[PDB]
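Each remark here refers to the structure printed beneath this line.
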Amino acid sequence: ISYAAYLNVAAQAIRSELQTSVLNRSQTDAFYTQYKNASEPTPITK
Amino acid sequence: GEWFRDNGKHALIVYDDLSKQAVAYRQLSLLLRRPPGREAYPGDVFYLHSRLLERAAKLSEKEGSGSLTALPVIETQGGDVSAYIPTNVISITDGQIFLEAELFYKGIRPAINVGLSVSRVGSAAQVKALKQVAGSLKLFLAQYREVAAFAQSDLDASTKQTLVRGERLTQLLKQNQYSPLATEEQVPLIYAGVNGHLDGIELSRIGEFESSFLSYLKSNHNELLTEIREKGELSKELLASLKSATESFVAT
Amino acid sequence: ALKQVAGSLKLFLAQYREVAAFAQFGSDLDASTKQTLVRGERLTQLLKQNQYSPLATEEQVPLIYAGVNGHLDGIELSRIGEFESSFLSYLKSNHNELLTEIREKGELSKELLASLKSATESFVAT
Amino acid sequence: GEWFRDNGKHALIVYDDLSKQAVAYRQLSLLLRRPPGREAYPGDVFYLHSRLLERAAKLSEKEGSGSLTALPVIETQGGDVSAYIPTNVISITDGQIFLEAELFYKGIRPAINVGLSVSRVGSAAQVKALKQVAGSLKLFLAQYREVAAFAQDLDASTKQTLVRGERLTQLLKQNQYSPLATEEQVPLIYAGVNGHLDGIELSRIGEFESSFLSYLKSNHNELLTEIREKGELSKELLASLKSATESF
Amino acid sequence: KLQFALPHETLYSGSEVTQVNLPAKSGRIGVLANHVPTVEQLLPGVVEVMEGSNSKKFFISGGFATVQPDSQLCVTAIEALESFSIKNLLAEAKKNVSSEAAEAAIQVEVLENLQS
Amino acid sequence: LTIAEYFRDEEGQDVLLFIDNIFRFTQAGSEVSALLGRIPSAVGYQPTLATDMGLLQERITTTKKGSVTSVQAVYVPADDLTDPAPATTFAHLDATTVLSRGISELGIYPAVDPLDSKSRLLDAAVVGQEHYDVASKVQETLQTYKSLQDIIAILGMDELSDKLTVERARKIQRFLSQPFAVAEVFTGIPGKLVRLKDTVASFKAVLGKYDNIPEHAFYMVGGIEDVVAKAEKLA
Amino acid sequence: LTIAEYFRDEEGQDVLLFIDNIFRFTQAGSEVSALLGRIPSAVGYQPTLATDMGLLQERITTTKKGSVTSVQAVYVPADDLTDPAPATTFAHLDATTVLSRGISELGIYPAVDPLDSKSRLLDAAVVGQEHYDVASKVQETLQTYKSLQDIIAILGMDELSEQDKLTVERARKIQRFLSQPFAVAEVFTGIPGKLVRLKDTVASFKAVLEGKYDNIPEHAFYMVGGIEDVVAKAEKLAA
Amino acid sequence: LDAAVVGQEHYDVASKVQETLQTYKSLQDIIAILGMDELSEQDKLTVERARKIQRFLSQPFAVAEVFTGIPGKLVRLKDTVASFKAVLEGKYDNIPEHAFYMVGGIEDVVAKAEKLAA
Amino acid sequence: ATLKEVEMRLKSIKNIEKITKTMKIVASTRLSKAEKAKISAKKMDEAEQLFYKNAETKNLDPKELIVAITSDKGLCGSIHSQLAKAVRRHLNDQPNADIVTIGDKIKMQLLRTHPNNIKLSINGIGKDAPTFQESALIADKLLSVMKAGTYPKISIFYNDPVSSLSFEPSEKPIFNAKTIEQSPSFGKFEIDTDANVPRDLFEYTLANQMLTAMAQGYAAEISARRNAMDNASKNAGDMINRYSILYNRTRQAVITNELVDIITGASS
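Sequences listed follow chains I, A, C, B, H, D, E, F and G, in order. Just so you know, the first sequence maps onto residues 8 to 23, 28 to 31, 33 to 49, 53 to 61 in the entry's author numbering. Just so you know, the second sequence maps onto residues 256 to 407, 410 to 509 in the entry's author numbering. Take the position in the third sequence, starting the count at 1, then add 383; the result is the number in the entry's author numbering. Just so you know, the fourth sequence maps onto residues 256 to 407, 411 to 506 in the entry's author numbering. Just so you know, the fifth sequence maps onto residues 11 to 90, 93 to 97, 101 to 114, 119 to 135 in the entry's author numbering. Just so you know, the sixth sequence maps onto residues 237 to 397, 400 to 445, 447 to 474 in the entry's author numbering. Take the position in the seventh sequence, starting the count at 1, then add 236; the result is the number in the entry's author numbering. Take the position in the eighth sequence, starting the count at 1, then add 357; the result is the number in the entry's author numbering. Just so you know, the ninth sequence maps onto residues 1 to 61, 70 to 276 in the entry's author numbering.
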């Protein structure tokens, strides 16, 4: 858990009809993938 | 058919198909040792079709006012419409109706390419009631086709709605074979489209919407249909009552 | 014996042809595209041949096997050509018994195929 | 045009339009049941233009040195120079001046495409004075066109010549019915190969021509008489040129 | 001088303000005109900005407040209004989904005071 | 023709006629046409092409006496469908099965092009509403590829919004392939013969329930029960 | 063509000849030439395509008595300008008048296109350096207006700089000052027709180009006669 | 053009010139529309080298000097092979392309390369 | 040459002409969000960096974490070209470093030049305008799986839109918990020595400075994609019309040659 996470949660709460852009920042598609000497472990989502 | 025209009556003749008549006359002329022309067709391969089609006409009130309408059929190869015979007939007819294979498999039936298919006379020979409700329908789709590509990601407002309309307008233009609708059953379905009373309905049930909606009119608003059928025009009071009948079905 | 080593090579090569259509801008390859692009490109250089230099059946079977089964992927692109003559020398020296069986029998059986499987991997390393 | 040739004189024969002649010669042949070839032209359409354009040449000393000069015209369709007739004449005429519509619309007139245009006798037929001031200018503008296309990252060196060719070609924009003397053309060509007009902005680049012309009417009339009578540049005047042009 | 900031939209930019109430990690303290330079983290709450006497209140996502030596205030968060602002499907589906999940308890603390 | 013709009228039985190749018929008419002293037609064919084909195909019909089911093989010169040979033949067939060189290079056998093969039996009042309904969805999914493909060659399947339907193209197209017993010296893969109703109920489910297994699992398999046995052996 | 000749050779007037369509004159020629048994030329046209067109068009010239001016509608087969049909016809054509539906879409009558229609006699040595200079500024400005359609559709109009917004104003008006109420469509439009003479047009536009009417609204240009008819309409719209 | 008549090296070089020129040819369209940017580094290099190969194949002629203006330089076979081989290996991947245009031997490229540098 | 090949080749270019022009509009109409999120980020950037300025924070006196910021989408110009070199060129001085790459088209050049340096890569992000949630999560992994807090120096590489027709590769520093409290003018600000403020300040400035870098990074890109495809539609013009003439040159020659055989074989 990170401090940026302690803030992310709150930013999701303020999604509470006329919420235009606003919906583009509500979610995102992210896939991180480690790497080795290049080789790379299994790609998971955020 | 010309008999009917000469006696004050009306006749519609369909040539299915002229592409094959041309070939026939080619076979005759070639064997008769006649000078060949572009693609083997004799010189007067144009005067052949010109003689024929120009026979179809609406006579003046002076003689009988009878009319002979003609719907010639041309079978085009690979879509090419610039060939000798095809372009020949086109340059005689008072308009063309094009059918694409692309749209045909896509689900659009009849598959009509409005971008190319256009009548010369057009408005003058249309039911005034239909002309009123679908005046902009011609343009709408002409602009919908070019904006159709924008599907591939974000929509503003000016093109956000255009994508909403046409997406269900053409879905409504879909019409199953052997099921001709009267002009009295057309205007209600076209009014709902152009004005935008269908914009907020899932396409999956737009097809069934046509049926249930027409059955609702015939049963409850029988009068609204009988005045369109008989008058063929939309009065200020009539067209207004049309809106109410529409928005009433949108709720249920 | 040629039928074995080349089950669906042809059909694969033809499908490698369409792969290079998307591979032109520099898009990251997935699992179903990376495997074929590497093997498919190395099979190309593998099937190249010089004029006046015909290869026998017992010479083709091994070369093809090392390509379709999954062995030549490791080899470097530029070292593909040299691999041909090198791999055939190793055979005509050590497992020369294999080559004289391909010519006489004509058909690869489970017995021979097993032996070839082992022989190939032996030369990929050292 | 041959009488002036045979009698030790000079004549300029200009055919226009040659393409329109070919079509006319194709008309007769077809009516004469002559076998149609490429583009429906008979086989001897080359022979028609071959035995014609060869009647134009510089005669020998003992023959009188009478010369006939030909300027055939060919109307291409869509710039398609790879057409049957257009190619046939180019295989006869030793030299081509191709005018591209692309450059015509832009205003660059004459719209001579340096890339496709070339005379098969440069120094041989060109006045020596012009030969010096034009150090392979044809090869400069031919490569310059590659700068005005790829550039459109601001550069320093190769982009420097971009400013050269810009005002050099714009300087060549000659109007209709405005012929110029040899001595009037020589100074302009030298003000380019080194970029002496670099300072002037894209507006009066043609104004300098009318200005410098006046400066020679009386202030520098001495130069005009030299080039007119001799027709060759010397080291004497070569150094005398870098000063009268340096003033502006 | 207040400088309210967000990644998507800036609210204030050197604008003159009389007093601002920032919900620090401690207690909601009103920053004076010439307040001492401090740097404290802001937990989700209500930010009151006083333009003269007029009252403006925004609900804040949570970020950092910074009083500069030049008595300049720097307030930042993810998303900041009140007239533009019920979710209870988190007290069961989230609160008791204990096995993102184990820490799914910050959600309840945010909405409770949002109604306030 | 005359032989099979006798079994139609005089023998009063169901006939089955196979022509291979029918193209060689008009082709042979072309050779003689010139020699016989005729002014050649377009594409160097014969002036009598639509009537020669007519005086041939017309005898291959079903009458009140007997019925004749004809399966004609047509060769297309240079794979050019505009050639007067394939052209005139089309208008005589109640059903077609166009073969293209592009479909076989994918792997799917046969090489049937699903966007030019159309029968006049594709009617709701013929094969059954369901049959038609399913068959229409299969056609819809496909065409979009041929047109939307231009986005895939420039970027791929990332801008696809439509995104669920664009992928069914690489799944349905593969499931169309059927193994044969006759062509054993071509693949060596044992053939499969699916019937009528099975194929119908098999596609409706896919049209994305069976969207879990990518690529192979619908490739060279029987009905729908085969697809289950081919998804097990993870490839 | 013979009919129109008389009103020139015998009355010395400026006779107008309309040929619609001119392409079917070429097509019909091919049919006849083919019927007679002559060998078809390039693309299947008559070998006598050059001369045939020549005999007709050449009789359309300015004599010492009068002149005959032909306005012929040209059909371009498959939108191909290299086709023997137009390529031969265009050789005789002086100027062109393109009636686009895109200008008609903007509700402009006549629906003439300012950028497509061009004239061989748009030469300063024919219409005068004055007329020439005015015309070239009109076209050039509208040309920079057609290009601005790009950023204007998405950004708005505030992206225009000093010279960028000053000229667009003229464009928005010039494009509306070109339309003209014809006296023939009067019994259809109701609007009385106004014949704008050559002398006036040159003066009217030049003034606007200088910027002496930037004050006048854009509506006082739509469907109006000369320049005077703009002023009288500017004070009637204020009331 | 066989490794038996012109030697293995001559054939290898000539071949490696063709192989490269086809890659640049098969992308004439890609470049003409999108640009070199959209091409991977693998292609990026080969393409850039081909642009140098094609322009270095250019050679002035003695007879043409009458209207060309550039002196015609004759190059013998031996120099040719070694030169083009060097460019392939990457020995000259930093010299401006215009330095290869209308020149003789490789020793003439370095001459024009520096005279244009200053 | 072929009757058809020049027509279907004209098709695969006629529709390529509109497609590059249709994406030029997408990039040009999306420039509005780009020129906004750019100013919003920058304004928060000033608000965020003013503390780092008045506190006089600077790197301490061989690990360093490098973050690459670009997209996975191509067709944007040399934005993935020049930025990757700026990184490589900065990497030359200090080979001892780990590189986290956001976007795949940046992972391209780095896999070539320095394959082992890449210890983490983010996939499928560069398509929309960046968001905090996106970055805050990238930093959460950067902090966790990478342990950025153990690094003496953090460097973010992004693209800065200097002009609307040209971009600019740039670099910004991120200071860790230890570098913040050990700042020369850090005492200047009153801070309770217990509520781990310096620690929370780094984990928060790690996410923001990324978004600020992304905002300008994906803004300079959209501004470069419009440019990249305006030259494309124009380049598609010298094709649709070039080969258009070549189609006709073939059509006229098809009708003539198709007619010659007829006339020739009619003379008998």
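Where is the CB? At the ideal position from N, CA and C, for every residue including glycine.
Where does residue i sit, in a helix, a strand or coil, going by DSSP?
i	result
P327(A)	strand
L430(B)	coil
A15(H)	strand
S129(G)	strand
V34(I)	coil
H265(B)	strand
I125(H)	helix
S274(A)	helix
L396(E)	coil
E471(D)	helix
residue 446(D)	It's not possible to place residue 446(D) here, given that chain D moves directly from 445 to 447.
Short of 7 angstroms in beta carbon distance, which residues of its chain neighbour residue i, apart from the five on each side in sequence? Order them along the chain.
i	result
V59(H)	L12, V27, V30, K66
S241(G)	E17, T20, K21, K24
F457(F)	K409, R412, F413, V466
Leaving out five residues before and five after residue i in sequence, what residues of the same chain have Cβ atoms less than 8 angstroms from its Cβ?
i	result
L438(B)	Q432
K401(F)	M393
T332(E)	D352, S353, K354, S355
Just to confirm, does residue i get its C-beta within under 7 angstroms of one of the non-hydrogen atoms of the ligand NAP?
i	result
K382(F)	Absent from the structure shown: the ligand NAP. Ligands present: none.
For residue i, which residues in the same chain have their Cβ closer than 6 angstroms to its Cβ, ignoring the five residues on either side in sequence?
i	result
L326(B)	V269
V451(B)	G390
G362(B)	none
Inset, instruction - Check each residue of the region 61-80 of chain H: if its Cβ is closer than 9 angstroms to any Cβ of chain G, include it; give the result in chain order. - result: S71, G73, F74, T76, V77, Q78, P79, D80
Legend entry - Near-chain E residues of the region 278-292 of chain B (beta-carbon distance less than 7 angstroms), N- to C-terminal order: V278, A279, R281, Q282, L285, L286, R288, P291
Inset, instruction - Enumerate, from N- to C-terminal direction, the unbroken beta strand (DSSP E) stretches of 3 or more residues contained entirely within the region 292-326 of chain B. - result: 322-325
Inset, instruction - Could I get the ranges of all uninterrupted alpha helix (DSSP H) runs contained in the region 420-450 of chain F, with 4 residues as the minimum, in chain order? - result: 422-425, 434-446
Legend entry - Residues, ordered as in the chain, of the region 394-413 of chain F that lie near chain G by beta-carbon distance below 7 angstroms: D394, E395, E398
Inset, instruction - Closer than 7 angstroms, Cβ to Cβ, to anything on chain C: give me those residues from the region 74-98 of chain G, in chain order. - result: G82
Inset, instruction - Quick one: which residues of the region 350-383 of chain B get their C-beta closer than 8 angstroms to a C-beta of chain F? List them in chain order. - result: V373, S374, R375, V376, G377, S378, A379
Inset, instruction - Would you check if there are 3 or more beta carbon pairs closer than 8 angstroms linking the region 68-84 of chain H to the region 44-58 of chain H? - result: yes
Legend entry - Three CB pairs or more closer than 8 angstroms across the region 472-479 of chain A and the region 403-412 of chain C: no
Inset, instruction - Please determine if the region 442-450 of chain F and the region 368-384 of chain F are in contact, where contact requires at least 3 C-beta pairs separated by less than 8 angstroms. - result: yes
Legend entry - Every unbroken alpha helix (DSSP H) inside the region 155-181 of chain G [4 residues or more]: none
Legend entry - Contact the region 241-256 of chain G vs the region 5-13 of chain G: 3+ CB pairs below 8 angstroms: yes
Legend entry - Segments of 4+ residues assigned as alpha helix (DSSP H) that fall wholly inside the region 426-477 of chain B: 440-451, 465-475
Legend entry - chain E contacts made by the region 323-353 of chain B, where a contact means CB separation under 8 angstroms: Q332, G333, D335
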